[PDB]
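Heads up: the structure comes next, in structure tokens.
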2 protein chains.
Amino acid sequence: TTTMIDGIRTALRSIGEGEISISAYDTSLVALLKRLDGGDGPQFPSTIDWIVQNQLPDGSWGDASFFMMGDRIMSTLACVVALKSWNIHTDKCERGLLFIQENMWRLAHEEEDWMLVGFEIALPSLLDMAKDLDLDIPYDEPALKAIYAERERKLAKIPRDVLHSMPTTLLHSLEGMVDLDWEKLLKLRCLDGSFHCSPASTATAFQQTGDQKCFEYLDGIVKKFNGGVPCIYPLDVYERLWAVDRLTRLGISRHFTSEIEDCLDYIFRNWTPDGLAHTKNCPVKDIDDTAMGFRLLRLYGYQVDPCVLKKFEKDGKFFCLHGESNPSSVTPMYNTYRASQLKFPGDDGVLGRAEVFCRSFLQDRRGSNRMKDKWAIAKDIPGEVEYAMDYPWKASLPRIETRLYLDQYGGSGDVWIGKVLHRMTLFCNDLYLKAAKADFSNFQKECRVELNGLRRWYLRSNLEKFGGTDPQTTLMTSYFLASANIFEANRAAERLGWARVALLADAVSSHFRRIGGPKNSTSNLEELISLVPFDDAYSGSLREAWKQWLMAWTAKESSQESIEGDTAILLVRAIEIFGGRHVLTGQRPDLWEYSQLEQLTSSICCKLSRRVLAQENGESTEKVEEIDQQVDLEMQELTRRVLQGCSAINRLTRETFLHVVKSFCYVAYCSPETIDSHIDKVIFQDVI
Amino acid sequence: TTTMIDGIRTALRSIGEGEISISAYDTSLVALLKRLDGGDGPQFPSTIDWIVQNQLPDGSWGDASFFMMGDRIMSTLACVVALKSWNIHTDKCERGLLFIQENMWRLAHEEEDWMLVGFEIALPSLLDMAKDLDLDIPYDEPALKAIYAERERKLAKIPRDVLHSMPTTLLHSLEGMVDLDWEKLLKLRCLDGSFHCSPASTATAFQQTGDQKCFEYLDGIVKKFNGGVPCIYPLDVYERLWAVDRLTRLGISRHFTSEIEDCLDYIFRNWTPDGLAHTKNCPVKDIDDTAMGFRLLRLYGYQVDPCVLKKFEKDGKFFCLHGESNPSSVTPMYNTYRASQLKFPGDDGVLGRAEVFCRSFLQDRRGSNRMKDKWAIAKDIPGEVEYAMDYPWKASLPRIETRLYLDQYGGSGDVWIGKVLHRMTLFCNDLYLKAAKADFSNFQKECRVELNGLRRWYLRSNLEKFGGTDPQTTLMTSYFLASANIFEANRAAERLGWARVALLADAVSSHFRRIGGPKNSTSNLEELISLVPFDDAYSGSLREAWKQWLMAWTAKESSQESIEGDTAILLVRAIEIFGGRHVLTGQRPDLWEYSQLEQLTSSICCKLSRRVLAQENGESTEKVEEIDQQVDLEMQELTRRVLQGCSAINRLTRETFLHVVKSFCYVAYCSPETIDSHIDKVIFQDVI
């Protein structure tokens, strides 16, 4: 059980500097490097070995878990083109020529989206240097020249002088780039001395000029890789934040807050006032990882500011590439949909404009079948937008969305797309599913007996002639609003308390709807506290705030204001006692903040109930739509002070407030024949 | 200066059991008592001495400060009728007969209201026993038989058997009551054994049957009075509560809270579940003193409940007499106007019904000249209603009303009315005016230099290009809202703080009206805290709540809610620091109560501003009138929790909240050409 925990604990404590599926095509592009100091043949033989003893029994080259010839052709011939330059091991040269010479024909029947990074740029250059060698391939295919045609298209639309001004993907893909003057190509290089983190871009003229200032990049990625090499490295930021994101989406990272805070610290001290990149020192910035990092850094309590994201505004448009206008994919903006929800009054309206832009911009691929990514395959991203569009953060239960993601994690079944087909292993690891499944299932097993015991305690308590028609459809939802809110095992005291403290108030409120209200009171309710379980301080401190609640009941009996805020503060003061939650108020900001907090609580809770019945009839559109926006435009400040670390307050007590306000915000914008199947979907039918 | 303080301190520490102006008419009514144990003549000679050596040089009898023959005739002849029964001192018998025999003619030219307590009942009985004696008076006056006529009227309308069931004024006035069976007249007697606290009612047949169970009353009021005696005694409750009421109306009792709490304790332990009377054990209850005591006991923090006042409802009517329907006077209901304002949600609607009844019921004598009392003369009671009707407790500055009462206290110039003309000395004492005048005048002298210094500090602070047109008409009212709110000398720190902390917020709010709001901010205001005076903690704790205020400024910039509550809590947190006001929050009810308190603060402060501009135009009647009632119907709960002692909170901090909410409630319902002359009236022109 804890075996998986130890495995991932070591894996994250050993967070390294790169873990990529080893490529085979770039390996030859560097294997052509002559010996630097007047040698005889190749520079490294071990890569050549890894080349020979890593061919599929059928003779193909690439990944075995998937079949995609459009890339398999490059992977299967570029390995051979080196054994022609060095005349070694004629066994598998012609053993693979039998494959390629008869199976290089299915170019024009792949697909219309799955084109590689300049697949029309290097493939010619590949066959271009292969032309001089002893090659004999089926040159005459109409599918190939139909690709040469776009090569000549793209080699002209690119600039000449200004092309020496962008560090961009054209500098990432230099194989199909001939006659490149090197006078300016040296100053715009990677901070550690690489060519866009790729060695093939070096090996254009690196073949004889061994500039160490770029050669330690290569020799490092050779000697410590020990057999084969991918094309792009390092990616520390890329892999790191991508891990923690999905892991927080798993809901089991709580055991690893230490290493969490460590990688957050790395990214934090690695922040630039102009953007972010795949790695630590790359000055080529984009929008997507910058946004998701700005999001997650804030989400775990760090001092963030998004005004830099104004570097993508093209007459209202936005794109991933910097100053470059190419059709973005679904996720590089979907992340921004996720990241735009948590506005603060100090923020800039760019997030809003971007939100209304991207919302409709994705509403195209809402119903249409264009839900696919441009640079990766996915299991169910429509499943992700299915939740993202109809559920904001203000009603985003952090457990039902995990219940949804259990059908969205593929792992081995999905291969990521780069310059070549490759996977990761670090966070694309295949026991995260096993661990999250087991964790959620034991959670399931505990709530199954908790609701059982609550049922017995309830119908043995004569609380049925108080309330109303059907107690089952109320006990289940009441237990849900708590269990789906607080799921840990070490707070079952609060878990059982919230249920009963809501049930009692619900019963008496339903009684006051019946006999009319506080003036027609016939019995003394103050003693109903007795039959909740007994403790040392859980009982008296309970009854006193309970009498405060009844005080309010009597207080408004000739008014028009609702009862939301009082029962809300009832529940939170109940939790404060149900957790032994106390504080050194030796500092005046303590009450300063606690005051405004429970103030906003009643404020929003009463401002929503005026929409409750007005929507139960719908007597006006402008009014209801104004109520909702007025709710959220200060729900922001609520979340803000709940989720800013500048305070000296305990985190847990700051956040349990948001817990219940979110519970009620959810039950507000979900109708019963919407919420009904949610309990089934969560608890009833188990995984595995 | 403190001489008056010592005088009244002794006077109140020596709060006794009765202090009434000594009568002269009842003295003879008991002087006719024969010697009990077989004596010769009268029972006590010293009263007879006090009779002879207390005649005016002109020969009249009564008070010298006022002239009212309708009673002076009784006082001047009843003293003589005894010297006829005992044949002593023929000097002043005939020396007063020269007066009476020629001056007993002005009966029919007194007035139409100033009739004594059954003046038509005893005057006949007086001349009735005088008939048998050697008298020779001008019997033939048509004004006298015109009074005999109503005597025969009233002696028949009274019942026979049920007249033995009410302890009432008919039992108080027994002189004109002949042939009274004594079998039931003994069980309904005063608890100490008196006849409605009057000895003449005994001396009807007490002349020979010396029942000690009623005779110790007489002998006590003889031996320890030592010369003369009034008719009604004891009145401990009557005089006591009447004192503390007017003294609290003086605003100098603060030096005497000890004796205050002592008399409050006496009245408190002297409460009955059925009503109150003049004295401790009298079972004859009324409405007026019961109501004013229920008021003042609550006002100083004691556990009260008014449901008993349902014993006056006569088909909607109310009256002072119990089951008796006689036209009440102005004050016995005016007190209830004063007492009905401070409703609580737990209260009964009797106060409301009574309020709408008595409001219009007095609106008759609002303009009409019928503003006079039935049992007392007054200096200016129209001055009292002049304030009571147009100013509720919710806008009742406790210093402007004292400024008004300085012209309402007459003291010696006014004689109270009972069965005979008499005054008090205890609380109708003539240095209370001197003390209150001196106290208010030194208050005046201190604020005169305080505003002077504030003016210098302000125009030296460059706060003029912020704000608006005329700074004088704002500095004066700002200083007023504080000085008229807090007047003591030992809190000048808070006094000077409130002024500047309101001025700064006012200036920046007026700036935000100008440039549009928080989004068009051009400078950093957070540093404006520096130029208020510097201290150890008065500065930082100030700036932080100040930044909280600015936080709210930014928070609502796209909303429709007002700014009242935030600046209100600003001012109160400023006072909390300007008084070193701190608390042991080791108890959860501390924040429980402080939270709801500042919640109601913002609630009411924002619910009033929506009426502010809507009244500046008046675009609807029902809406504005609903806003005001909705304000007060929870202003009640505000005042309630502010003014209930069931809490463990400090009183001062509970009440400073009410202070400012009242300041703004006043400035709301007073228009500038109403408030303008108030500052003049208070401070500009001094007393003396």
- Specify whether the C-alpha gyration tensor of chain A places it in the rounded, prolate or oblate class, a ≥ b ≥ c being the square roots of the eigenvalues: rounded for a/c under 1.5, otherwise prolate if a/b is larger than b/c and oblate if not. prolate
- On a 0 to 90 degree scale, rounded to 10, what angle separates helix B:236-248 from the longest Cα axis of chain B? 30
- List every residue whose amide H lies under 5 Å from the amide H of B:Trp416, counting only residues 5 or more places away in sequence or on a different chain, with H placed 1.01 Å from N in the peptide plane. B:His422, B:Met424
- Task: Determine the shape class of the stretch B:434-684: with a ≥ b ≥ c the square roots of the Cα gyration tensor eigenvalues, call it rounded for a/c under 1.5, and otherwise prolate if a/b is greater than b/c, oblate otherwise.
- Result: rounded
- With a 25 Å threshold on alpha-carbon distance, the violating pairs from A:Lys317/A:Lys374; A:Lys145/A:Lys317; A:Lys280/A:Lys394; A:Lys556/B:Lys314; B:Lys131/B:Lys224 are A:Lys145/A:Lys317; A:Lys280/A:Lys394; A:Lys556/B:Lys314; B:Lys131/B:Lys224
- Most exposed first, judged by fewest Cβ atoms within 10 angstrom, A:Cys606, A:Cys231 run A:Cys606, A:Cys231
- Task: Taking the Cα centre of the stretch B:419-526 as origin, work out the dipole magnitude from +1 charges on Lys and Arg Cβ and -1 charges on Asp and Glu Cβ, in debye rounded to 20.
- Result: 180
- Rounded to the nearest 10, the angle in degrees between the Cα long axis of helix B:90-103 and the longest principal axis of the Cα atoms of chain B comes to 70
- Spacing of the two label points (7 Å from each Cα toward its C-beta) at B:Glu141 and B:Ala376, in nm: 3.0
- Task: Report the relative contact order of the stretch A:89-246, percent, no decimals, based on alpha-carbon pairs under 8 angstrom and at least 6 residues apart.
- Result: 19
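Averaged across orientations, what area in nm² does the convex hull of the alpha carbons in the protein assembly as shown project?
So the mean shadow area of the Cα hull is 69.8 nm².
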- Query: Counting each DSSP H run of 4 or more residues in chain A as -39500 (n - 2.57), what helix-only mean residue ellipticity at 222 nm follows after dividing by all residues, to the nearest 500 deg cm²/dmol?
  - Reply: -16500 deg cm²/dmol
- Task: Mind checking which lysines have their Cα closer than 25 Å to the Cα of B:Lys434? Skip sequence neighbours fewer than 8 apart in that chain.
- Result: B:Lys379, B:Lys445, B:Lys681
- Using a label point 7 angstrom from Cα along Cα-to-C-beta, what distances in nm, from shortest up, separate B:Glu488 from the other copies? 4.6
- Query: How big is the Rg/Rh ratio for the stretch A:490-593, C-alpha atoms only, Rh by Kirkwood, two decimals?
  - Reply: 1.00
- Copies compared at A:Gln615 - label distances in nm, ascending, label defined 7 Å from Cα in the Cβ direction: 3.6
- Message: Sequence gap at least 6, Cα distance under 8 Å: using those rules, report the relative contact order of the stretch A:406-524 to the nearest whole percent.
- Response: 21
- Query: In degrees from 0 to 90, rounded to the nearest 10, what is the angle of the helix A:288-299 Cα long axis to the longest principal axis of chain A?
  - Reply: 30
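Out of every Cα pair in the stretch B:1-134, what percent are spaced more than 24 Å from each other? Please report the intermediate quantities before stating the final value.
Values: 3727 of 8911 pairs.
Beyond 24 Å sits 42 percent of the P(r) for the stretch B:1-134.
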- In bins 5 Å wide, starting from 0, what share of all Cα pairs of the stretch B:77-221 does each bin hold, as a percent? 2, 7, 15, 18, 17, 16, 12, 8, 3, 0
- Which semi-axis lengths, in whole Å and largest first, follow from the square roots of five times the eigenvalues of the Cα gyration tensor of the stretch B:11-76? 25, 21, 11
- Any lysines with Cα under 17 Å of the B:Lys92 Cα? List them, leaving off those in the same chain fewer than 8 positions away. B:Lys84
- Query: What order do you get for B:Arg153, B:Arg403 when you list them from fewest to most C-beta neighbours inside 10 Å?
  - Reply: B:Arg153, B:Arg403
- For the stretch A:236-430: rounded, prolate or oblate by the Cα gyration tensor [a/c cutoff 1.5]: rounded
- When A:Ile5, A:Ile627, B:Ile688 are ordered from fewest to most other Cβ atoms inside 10 Å of their Cβ, what list results? B:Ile688, A:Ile5, A:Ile627
- Message: I'd like the distance separating the alpha-carbon centroids of the stretch B:94-145 and the stretch A:615-688, in whole Å.
- Response: 89
- Query: Quick one: in chain A, whose Cβ comes closest to the A/B rotation axis, and how close in angstrom?
  - Reply: A:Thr585, 2
- Step through the residues of the stretch B:374-379 one at a time and calculate ³J(HN,Hα) from phi using the Karplus curve (6.51 cos²θ - 1.76 cosθ + 1.60, θ = phi - 60°), rounding each to whole Hz and writing x for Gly and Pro. 8, 10, 6, 9, 10, 7
- Note on the structure: Taking the dipole of chain A about the Cα centre (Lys, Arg +1; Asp, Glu -1; charges at Cβ), the one of A:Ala200, A:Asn326, A:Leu185 that reaches farthest to the positive side is A:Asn326
- With x for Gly and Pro, the residue-by-residue ³J(HN,Hα) of the stretch A:14-20, computed from phi through the Karplus equation 6.51 cos²θ - 1.76 cosθ + 1.60 at θ = phi - 60° and given in whole Hz, is 8, 3, x, 10, x, 8, 10
- The relative contact order of the stretch B:256-340, taking Cα pairs under 8 Å that sit 6 or more residues apart, comes to a percentage of 25
- Can you list, shortest first and in nm, the gaps between the label point of A:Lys519 and those of its counterparts in the other copies, using a point 7 Å from Cα in the C-beta direction? 4.7
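Heads up, the Cβs are rebuilt from the backbone with ideal geometry, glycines too, and the neighbour counts pull from every protein chain shown. We did not get these values from a lab; they are worked out from the coordinates using the rules stated.
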